[PDB]
């Protein structure tokens, strides 16, 4: 699970699904050569969202964030490849889409903060934690 078999969790948020950017987002990961190892669309249960965002529980927007994230379907994915965690982090852009650079996903599609289209694990460790949280081992397919 290192080097070339490194993995990360990527999720298209409710705004991204409703604005119909799912294909657009996947093309960017595909053209970069990553391997799609797991994928599903679902309405995330608040219990999963709470653990996902557990370290923001204190923040005052935490309650609003949880409601928003469960307000519509989400598309969860697991991508595999060399440097996939840091590369995906660079592709998405700054949390604040309005400040994100053109060329990044938030920079080309969004202008909001909570509605910033996509999520990606911020570290190898966090990716291992998030992937176990959103996926059962049986849903991951290794090529």
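Residue numbers count along the first chain shown, from 1.
- Relative to one another, 63 to 71 and 94 to 102 have unequal mean CA B-factors, and 63 to 71 is the one with the higher figure.
- According to the PDB record, 121 to 129 carries the higher mean C-alpha B-factor of the two stretches 121 to 129 and 15 to 23.
- The PDB entry gives the largest Cα B-factor of the residues 47, 114, 35, 110 to 47.
- Comparing C-alpha B-factors across 52, 40, 31, 89 in the deposited entry, the largest value falls on 52.
- Ranked within its chain, residue 84 lands in the lowest third, by CA B factor from the PDB record.
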